[PDB]
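Below you'll find the structure, written out as structure tokens, and then a few comments.
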Amino acid sequence: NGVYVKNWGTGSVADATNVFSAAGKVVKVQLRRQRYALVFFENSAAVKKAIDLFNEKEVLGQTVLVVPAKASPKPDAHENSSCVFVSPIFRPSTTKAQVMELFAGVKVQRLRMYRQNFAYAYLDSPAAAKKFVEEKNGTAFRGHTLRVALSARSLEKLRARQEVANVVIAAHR
Amino acid sequence: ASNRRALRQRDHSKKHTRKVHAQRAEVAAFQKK
RNA sequence: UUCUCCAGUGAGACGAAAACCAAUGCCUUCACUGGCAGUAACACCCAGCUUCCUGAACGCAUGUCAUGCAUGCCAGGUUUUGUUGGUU
């Protein structure tokens, strides 16, 4: 609703800062919960305004992530099911067998979109060091720079959605 | 552009939370029926 | 009458319901394999330049190559068939 702010410090005078902050544009405080401030600090949730709250504040003394949820940092960024995306690749300049096994691999291996590029490697390796080696500023496949990084997608998730999808298709009719 | 995505998201979230679901209920009846 | 690729509506660099056909998407398999669950557009480098009944946190879900720090929390009170072109 408004802004769940997490970081300083540890170690904080979170409460003191919050009390001072009241005043517009800001109103409603309290120091909570896991980490370390929520202030509302309306209205789009997370929030649009919160970008400012980075350097504004500290003083004191670091600072800042904000979120609205989920908000462990682990699921969305760190891991997750060790999905990768490989970019650039191109549909009529590759075959489904070509890029597949050259990147481990995979399975499951579905190129998008056309656009073009951004092709899920639904991977196994797991994905930790694979990113570091195929991003690289190289190695050039098939002539482009080749940038490979993380997702933040999948695995079994998509599979479950296929199962409910499958029974819905057979049922309709 | 951010305002135009916000309305894309919105207008098609309400197609999910209505038009998809209520239809799914019907079709999910026929399996047991 | 430029060279780099994979099978010609080819690309890359450089100088209000529904279905028949082709393309193309998405899902699924391994394979254009089977098929409409999903849903602004895009051939990278800029992924948006109150009656009546059902029911009750700052985190759950949608979404995460995201400054998506973005939406979502009430059922009653000639279009469709995924999409465009062709056909019925």
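Every chain in the structure tokens takes a letter, A first, then B, and so on in the order presented; its residues are numbered from 1, and the ligands are numbered from 1 following the presented order.
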
Going by DSSP on the backbone, which residues of chain B come out as alpha helix (DSSP H)? List them as a ChimeraX atom specification. /B:2-13,21-27

Within 9 Å of chain C, which residues of chain A show up when using only C-alpha atoms (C1' of nucleotides), listed as a VMD selection string? chain A and resid 1 to 4 38 45 to 51 66 to 71 76 to 77 85 to 95 113 to 118 142 to 143 148 to 153 161 to 162 164 to 166 168 to 169

Nearest residue to residue 12 (chain B) from the set C:40, C:20, C:32, C:14 (distances using only C-alpha atoms (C1' of nucleotides)):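 Selected residue with least distance to residue 12 (chain B): C:40.
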
List every residue of chain B that has an atom at most 12 Å from any atom of chain A, giving for each one its closest atom pair and the distance in Å to one decimal, counting only C-alpha atoms, sorted by chain and then by ascending residue number, as a tab-separated table.
```
residue	atom	partner	partner_atom	distance
B:2	CA	A:48	CA	11.2
B:6	CA	A:44	CA	11.2
B:20	CA	A:168	CA	11.2
B:21	CA	A:168	CA	11.5
B:23	CA	A:168	CA	10.2
B:24	CA	A:168	CA	7.4
B:25	CA	A:168	CA	10.0
B:26	CA	A:172	CA	9.7
B:27	CA	A:171	CA	6.0
B:28	CA	A:171	CA	7.0
B:29	CA	A:171	CA	8.8
B:30	CA	A:171	CA	6.6
B:31	CA	A:171	CA	6.3
B:32	CA	A:171	CA	10.0
B:33	CA	A:171	CA	10.8
```

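Near chain C, counting only C-alpha atoms (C1' of nucleotides) at 10 Å, the chain B residues are residues 1, 2, 3, 4, 5, 6, 7, 8, 9, 10, 11, 12, 13, 14, 16, 17, 18 and 22 of chain B.
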
Put those residues in a file: N, CA and C atoms, as a CSV table (one decimal), in the first residue's frame.
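Saved to part_20.csv:
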```csv
chain,number,residue,atom,x,y,z
B,1,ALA,N,3.6,5.7,-21.2
B,1,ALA,CA,3.8,4.2,-21.6
B,1,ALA,C,3.6,3.3,-20.4
B,2,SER,N,4.1,3.8,-19.2
B,2,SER,CA,3.9,3.1,-17.9
B,2,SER,C,2.4,3.1,-17.5
B,3,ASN,N,1.7,4.1,-17.9
B,3,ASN,CA,0.3,4.3,-17.6
B,3,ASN,C,-0.5,3.4,-18.6
B,4,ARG,N,0.0,3.1,-19.8
B,4,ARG,CA,-0.6,2.3,-20.8
B,4,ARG,C,-0.5,0.9,-20.5
B,5,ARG,N,0.7,0.4,-19.9
B,5,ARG,CA,0.9,-0.9,-19.5
B,5,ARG,C,0.0,-1.2,-18.2
B,6,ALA,N,-0.1,-0.2,-17.3
B,6,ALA,CA,-0.9,-0.4,-16.1
B,6,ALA,C,-2.3,-0.7,-16.4
B,7,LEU,N,-2.9,-0.1,-17.5
B,7,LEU,CA,-4.2,-0.3,-18.0
B,7,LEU,C,-4.3,-1.6,-18.8
B,8,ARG,N,-3.3,-2.1,-19.5
B,8,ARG,CA,-3.2,-3.3,-20.1
B,8,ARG,C,-3.3,-4.4,-19.1
B,9,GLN,N,-2.4,-4.4,-18.1
B,9,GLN,CA,-2.4,-5.3,-17.0
B,9,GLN,C,-3.7,-5.4,-16.3
B,10,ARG,N,-4.3,-4.3,-15.9
B,10,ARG,CA,-5.5,-4.2,-15.2
B,10,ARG,C,-6.7,-4.8,-16.0
B,11,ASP,N,-6.9,-4.3,-17.2
B,11,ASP,CA,-8.0,-4.7,-18.0
B,11,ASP,C,-8.0,-6.2,-18.3
B,12,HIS,N,-6.8,-6.8,-18.4
B,12,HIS,CA,-6.7,-8.2,-18.6
B,12,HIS,C,-6.5,-9.0,-17.4
B,13,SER,N,-6.4,-8.4,-16.2
B,13,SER,CA,-6.4,-9.1,-14.9
B,13,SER,C,-7.8,-9.4,-14.6
B,14,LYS,N,-8.7,-8.6,-15.0
B,14,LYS,CA,-10.1,-8.6,-14.7
B,14,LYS,C,-10.9,-9.5,-15.7
B,16,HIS,N,-9.1,-12.3,-16.3
B,16,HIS,CA,-8.7,-13.5,-15.7
B,16,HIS,C,-9.6,-13.8,-14.5
B,17,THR,N,-9.8,-12.9,-13.6
B,17,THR,CA,-10.5,-13.1,-12.4
B,17,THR,C,-12.0,-13.1,-12.6
B,18,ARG,N,-12.5,-12.8,-13.8
B,18,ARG,CA,-13.9,-13.1,-14.2
B,18,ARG,C,-13.9,-14.1,-15.3
B,22,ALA,N,-15.0,-18.3,-14.2
B,22,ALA,CA,-16.4,-18.7,-14.3
B,22,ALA,C,-16.6,-19.7,-15.4
```

Shortest contact to residue 22 (chain C), candidates C:50, C:88, C:9, C:2, atoms counted only C-alpha atoms (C1' of nucleotides), goes to C:9

> For the atom pair CA of residue 57 (chain A) and CA of residue 8 (chain A), what is the interatomic distance in Å to one decimal place?
Replying inline: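 Calculated distance between CA of residue 57 (chain A) and CA of residue 8 (chain A) is 10.2 Å.
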